[PDB]
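What follows is one structure encoded as structure tokens, with my remarks underneath.
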Amino acid sequence: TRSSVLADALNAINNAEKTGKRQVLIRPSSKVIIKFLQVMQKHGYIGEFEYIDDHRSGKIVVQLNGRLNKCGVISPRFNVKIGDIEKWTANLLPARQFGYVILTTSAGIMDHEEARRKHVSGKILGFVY
Amino acid sequence: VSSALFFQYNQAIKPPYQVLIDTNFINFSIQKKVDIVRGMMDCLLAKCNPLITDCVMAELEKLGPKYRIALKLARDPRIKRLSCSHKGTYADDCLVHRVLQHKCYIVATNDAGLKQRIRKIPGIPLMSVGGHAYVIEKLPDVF
Amino acid sequence: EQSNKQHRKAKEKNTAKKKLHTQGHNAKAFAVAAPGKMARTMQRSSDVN
Amino acid sequence: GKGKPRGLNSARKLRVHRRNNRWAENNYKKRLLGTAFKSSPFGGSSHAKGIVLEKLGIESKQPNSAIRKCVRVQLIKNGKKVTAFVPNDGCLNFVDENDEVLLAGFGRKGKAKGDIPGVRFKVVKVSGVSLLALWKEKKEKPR
RNA sequence: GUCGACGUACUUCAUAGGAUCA
RNA sequence: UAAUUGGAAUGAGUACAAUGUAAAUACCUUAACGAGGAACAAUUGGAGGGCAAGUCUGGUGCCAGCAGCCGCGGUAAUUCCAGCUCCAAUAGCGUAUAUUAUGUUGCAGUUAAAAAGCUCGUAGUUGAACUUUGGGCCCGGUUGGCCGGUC
Ligand SMILES: [Mg+2]
Ligand SMILES: [Mg+2]
Ligand SMILES: [Mg+2]
Ligand SMILES: [Zn+2]
């Protein structure tokens, strides 16, 4: 059955932006989907989006704008130490200075070049480029 | 039969090098996830100056929007853009004319046919991505 | 000029993880702890015989 | 997903699954069970002794023909009798009958104009001395 | 016993396609 | 291309001696000797070339093929590829046997390796969303720019 809700969300965005649509509807929406999306939004990969509220898990509607090449999830949330940041970003990005690996640290959900500055690490969620 | 060439040494190729990229060097770089500038540093162990020709850039722009990440990689600011005095023709032909007219570039490419036609010309080393990195063939200053 | 297509048969009991039990015993269990040393010393002592 | 598990608590499953499906790889079961050498002709060994049982082609007119160069040799470990090449056809005078030839694999990389399928060994040392040291006339054969 | 079922080891059969020329 | 010859150079070796060392030996140093084929005589492998009043095989002639250390004389005599040409590594070089360049990352299962006939099911792995969010004030770190007071 349904296990990763974030994987469903990123796969629905990915499919419905490959084919050229303009706004996407993704049901359910945890706190993690909001924070992962705010990280994608800060860097310009998606437009605004909005959480519509039933009295249930809740749905989101995202406004895409083209600039997104791929996004995904890394499915066992592997613990990542502080050198393994750079082994991870060499495995899953097509050129080692664009795209952001996104990871869950004790100081928030953030990309990797923000977790370099603050000197933290944590688990690993996904990626965008 | 230029004044630099030995029997087959070709000693006008020296650090820092100048490589010419083909259109399917970029594809297999994106596929095997090596990076252009540091990949050539990690094989040649010298500085590099990747160059891309107007015929090749036209070919990249001809692919379309499914291959737009490779185009994003090719418009990168530190890949210089050598301009070429051509009608505007097939890429591999423009590479061969560059090689014959100056004999001081090494050629990074991956198609077998262009590999053969370069190999006839004596003294032109020939990088190509294989496996996991940028293997170089006919360069006598390796290690 | 009608040729039918070959039905590719399905094997019987001859599978590389079932061959290992066909002799007296379970042959996976009589092994060593260092095959490299077994090989180099076995060869040398063969030559010294 | 794919066929395999991926959750972060299934190393035991992955480790056992590799430990079973690894005995189905012929080099693994070959090198742990210790079967690895009945492929090789000699036993485990790299050379093998033998008795010169007789010569072949000693009455063959056509000189330097391969069947002129081959002797027929009984091995002392098994008891099985094989055929063996000999370099430099003049060196058929050195082996007589009941010598101890020490044979090595012939291991030829390629096959020539008039060669033989079937000779697989070659004679290295004849009764202690070595055929390069008799043919070069360094030593001589101690009877 | 030129015996059977296996288990090892090895051998061998299947390679040309297009274009131009005569 | 060299195949004669002109003097200069030196240590392998031998050695008074001193040094070394427990004692020697050797190294380091050094009188005296010590280089023309510098006979003070580098090697291990593989590729080619020719060798006829020779042998052997086959054939649609004088040929071809194998091969050629075997021919007519001659071995204190023949003084012959002076003693055939290249190639690679070189105080090192060759041959045999092995071995080396299963999928976490990262494999494959319609049609040519391999989805159990079927469902139930314990261990095992795995499992929806939700609980402090947000604002306001102050403090300054460490950069970057205008700066460079300086001898
Ligand atoms: Mg099948
Ligand atoms: Mg259960
Ligand atoms: Mg949950
Ligand atoms: Zn051009």
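Letters A, B, ... go to the chains of the structure tokens in the order shown; residues in each chain start at 1; ligands are counted from 1 in the same order.
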
Residue C:46 surroundings by only C-alpha atoms (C1' of nucleotides), 10 Å radius, close-in-sequence under 5 positions cut, as a list in words: residues 40 and 41 of chain C; 42, 43, 44, 45, 46, 47 and 48 of chain D

Just list the residues in chain A DSSP gives strand (DSSP E) on the backbone, as number ranges by chain. A: 23-26, 49-52, 59-63, 71-73, 79-80, 100-105, 108-111, 122-128

Go ahead and save the residues from that selection, with C-alpha atoms, as a PDB file, in the first residue's frame.
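To be explicit, this is the file written out as again.pdb:
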```pdb
ATOM      1  CA  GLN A  23      -0.491  22.963 -12.208  1.00  0.00           C
ATOM      2  CA  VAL A  24      -0.381  19.754 -10.246  1.00  0.00           C
ATOM      3  CA  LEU A  25      -2.601  18.293  -7.542  1.00  0.00           C
ATOM      4  CA  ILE A  26      -0.918  16.103  -4.950  1.00  0.00           C
ATOM      5  CA  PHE A  49       1.731  26.516  -4.340  1.00  0.00           C
ATOM      6  CA  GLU A  50      -1.153  26.234  -2.003  1.00  0.00           C
ATOM      7  CA  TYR A  51      -2.484  23.833   0.574  1.00  0.00           C
ATOM      8  CA  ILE A  52      -6.194  23.226   0.296  1.00  0.00           C
ATOM      9  CA  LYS A  59      -4.127  18.356  -0.699  1.00  0.00           C
ATOM     10  CA  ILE A  60      -1.685  20.672  -2.418  1.00  0.00           C
ATOM     11  CA  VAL A  61      -1.763  22.441  -5.769  1.00  0.00           C
ATOM     12  CA  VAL A  62       1.614  23.423  -7.234  1.00  0.00           C
ATOM     13  CA  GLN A  63       2.199  25.907 -10.050  1.00  0.00           C
ATOM     14  CA  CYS A  71      13.398  15.627  -8.683  1.00  0.00           C
ATOM     15  CA  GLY A  72      13.301  12.550  -6.584  1.00  0.00           C
ATOM     16  CA  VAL A  73      13.547  10.809  -3.275  1.00  0.00           C
ATOM     17  CA  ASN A  79      22.207   8.413   7.625  1.00  0.00           C
ATOM     18  CA  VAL A  80      24.720  10.752   6.077  1.00  0.00           C
ATOM     19  CA  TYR A 100      20.892  20.281  -4.659  1.00  0.00           C
ATOM     20  CA  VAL A 101      20.811  17.240  -2.451  1.00  0.00           C
ATOM     21  CA  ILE A 102      18.267  17.754   0.247  1.00  0.00           C
ATOM     22  CA  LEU A 103      18.710  16.364   3.684  1.00  0.00           C
ATOM     23  CA  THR A 104      17.088  16.381   7.105  1.00  0.00           C
ATOM     24  CA  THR A 105      19.290  17.653   9.891  1.00  0.00           C
ATOM     25  CA  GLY A 108      15.916  21.709   9.619  1.00  0.00           C
ATOM     26  CA  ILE A 109      15.340  20.372   6.147  1.00  0.00           C
ATOM     27  CA  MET A 110      17.906  21.961   3.913  1.00  0.00           C
ATOM     28  CA  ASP A 111      20.056  21.466   0.880  1.00  0.00           C
ATOM     29  CA  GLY A 122      21.427  14.066   9.327  1.00  0.00           C
ATOM     30  CA  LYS A 123      19.457  11.792   7.104  1.00  0.00           C
ATOM     31  CA  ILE A 124      18.940  12.207   3.360  1.00  0.00           C
ATOM     32  CA  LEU A 125      15.589  12.849   1.668  1.00  0.00           C
ATOM     33  CA  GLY A 126      15.884  13.456  -2.026  1.00  0.00           C
ATOM     34  CA  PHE A 127      17.275  15.773  -4.662  1.00  0.00           C
ATOM     35  CA  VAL A 128      16.437  18.283  -7.371  1.00  0.00           C
TER      36      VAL A 128
END
```

Within 6 Å of ligand 4, counting only C-alpha atoms (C1' of nucleotides) and all ligand atoms, which protein or nucleic acid residues do you find, written as a VMD selection string? chain B and resid 55 84 to 86 88 94

Within 9 Å of ligand 2, counting only C-alpha atoms (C1' of nucleotides) and all ligand atoms, residues as a ChimeraX atom specification: /F:121-124

Atom pair atom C1' of residue F:12 / atom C1' of residue F:83: separation (Å):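 Rounded to one decimal, the two atoms are 27.9 Å apart.
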
Hey, which residues sit close to ligand 1? Say within 12 Å, counting only C-alpha atoms (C1' of nucleotides) and all ligand atoms, and write them as an NGL selection string. (:C and (6-11)) or (:F and (108-115))

Please run DSSP on the backbone and report, as number ranges by chain, all residues within stretch 5-73 of chain D that come out as helix (DSSP H, G or I). D: 11-20, 26-33, 66-68

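The gap separating atom CA of residue D:5 from atom CA of residue D:22 is 18.0 Å, in Å to one decimal.
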
Dump the neighbourhood of ligand 3 as a ChimeraX atom specification: all residues within 10 Å, distances computed on only C-alpha atoms (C1' of nucleotides) and all ligand atoms. /A:3-5,30 /F:127-129

Store the residues of this selection in a file with N, CA and C atoms (P, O5', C5', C4', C3', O3' and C1' of nucleotides), as a PDB file, in the first residue's frame.
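Writing the result to result15.pdb gives the following:
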```pdb
ATOM      1  N   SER A   3       3.209   3.906   1.127  1.00  0.00           N
ATOM      2  CA  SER A   3       4.195   4.003   2.179  1.00  0.00           C
ATOM      3  C   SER A   3       4.874   5.357   2.244  1.00  0.00           C
ATOM      4  N   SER A   4       5.502   5.799   1.186  1.00  0.00           N
ATOM      5  CA  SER A   4       6.172   7.086   1.180  1.00  0.00           C
ATOM      6  C   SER A   4       5.237   8.080   0.533  1.00  0.00           C
ATOM      7  N   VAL A   5       4.807   9.082   1.287  1.00  0.00           N
ATOM      8  CA  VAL A   5       3.908  10.061   0.708  1.00  0.00           C
ATOM      9  C   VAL A   5       4.696  11.067  -0.093  1.00  0.00           C
ATOM     10  N   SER A  30       2.195  15.855   3.973  1.00  0.00           N
ATOM     11  CA  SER A  30       2.735  15.973   5.308  1.00  0.00           C
ATOM     12  C   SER A  30       3.453  17.294   5.502  1.00  0.00           C
TER      13      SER A  30
ATOM     14  P     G F 127       8.780   1.983   7.161  1.00  0.00           P
ATOM     15  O5'   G F 127       7.209   2.077   7.083  1.00  0.00           O
ATOM     16  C5'   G F 127       6.540   2.666   5.994  1.00  0.00           C
ATOM     17  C4'   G F 127       5.058   2.426   6.089  1.00  0.00           C
ATOM     18  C3'   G F 127       4.322   3.151   7.178  1.00  0.00           C
ATOM     19  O3'   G F 127       4.113   4.511   6.883  1.00  0.00           O
ATOM     20  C1'   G F 127       3.612   0.925   7.124  1.00  0.00           C
ATOM     21  P     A F 128       3.316   5.466   7.876  1.00  0.00           P
ATOM     22  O5'   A F 128       1.992   5.723   7.073  1.00  0.00           O
ATOM     23  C5'   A F 128       2.066   6.061   5.707  1.00  0.00           C
ATOM     24  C4'   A F 128       0.987   7.021   5.318  1.00  0.00           C
ATOM     25  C3'   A F 128       0.941   8.305   6.087  1.00  0.00           C
ATOM     26  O3'   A F 128       1.931   9.223   5.704  1.00  0.00           O
ATOM     27  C1'   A F 128      -1.210   7.449   5.920  1.00  0.00           C
ATOM     28  P     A F 129       2.610  10.145   6.802  1.00  0.00           P
ATOM     29  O5'   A F 129       1.437  11.108   7.180  1.00  0.00           O
ATOM     30  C5'   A F 129       1.026  12.083   6.254  1.00  0.00           C
ATOM     31  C4'   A F 129      -0.042  12.946   6.831  1.00  0.00           C
ATOM     32  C3'   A F 129       0.286  13.633   8.120  1.00  0.00           C
ATOM     33  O3'   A F 129       1.053  14.787   7.939  1.00  0.00           O
ATOM     34  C1'   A F 129      -1.801  12.669   8.295  1.00  0.00           C
TER      35        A F 129
END
```

Surrounding residues of residue C:19 excluding itself and chain neighbours under 6 positions, 12 Å, only C-alpha atoms (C1' of nucleotides), as a PyMOL selection string: (chain C and resi 12-13+25-28) or (chain D and resi 23-24+26+29) or (chain E and resi 6-8)

Report, in Å to a single decimal, how far apart atom CA of residue A:40 and atom CA of residue A:117 are.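 Interatomic distance here is 18.7 Å.
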
8 Å contacts from chain A to chain B using only C-alpha atoms, as number ranges by chain: A: 69, 90-91, 93-96

Selection to disk with C-alpha atoms, as a short mmCIF file (atom, residue, chain, number, x, y, z; two decimals), in the first residue's frame:
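again_31.cif written:
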```cif
data_model
loop_
_atom_site.label_atom_id
_atom_site.label_comp_id
_atom_site.auth_asym_id
_atom_site.auth_seq_id
_atom_site.Cartn_x
_atom_site.Cartn_y
_atom_site.Cartn_z
CA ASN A 69 14.74 18.86 -14.80
CA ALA A 90 28.78 12.94 -6.64
CA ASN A 91 26.59 9.91 -7.19
CA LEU A 93 23.84 14.81 -9.84
CA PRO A 94 24.92 15.11 -13.47
CA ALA A 95 27.49 17.84 -12.94
CA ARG A 96 28.92 18.52 -9.60
#
```

Only residues of chain E matter here; which ones have an atom within 12 Å of chain D, counting only C-alpha atoms (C1' of nucleotides)? Give them as a VMD selection string. chain E and resid 8 to 11

What are the residues of chain F lining chain D at 7 Å or less? Count only C-alpha atoms (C1' of nucleotides), and put the answer as a VMD selection string. chain F and resid 56 66 to 67 96 to 97 102 125
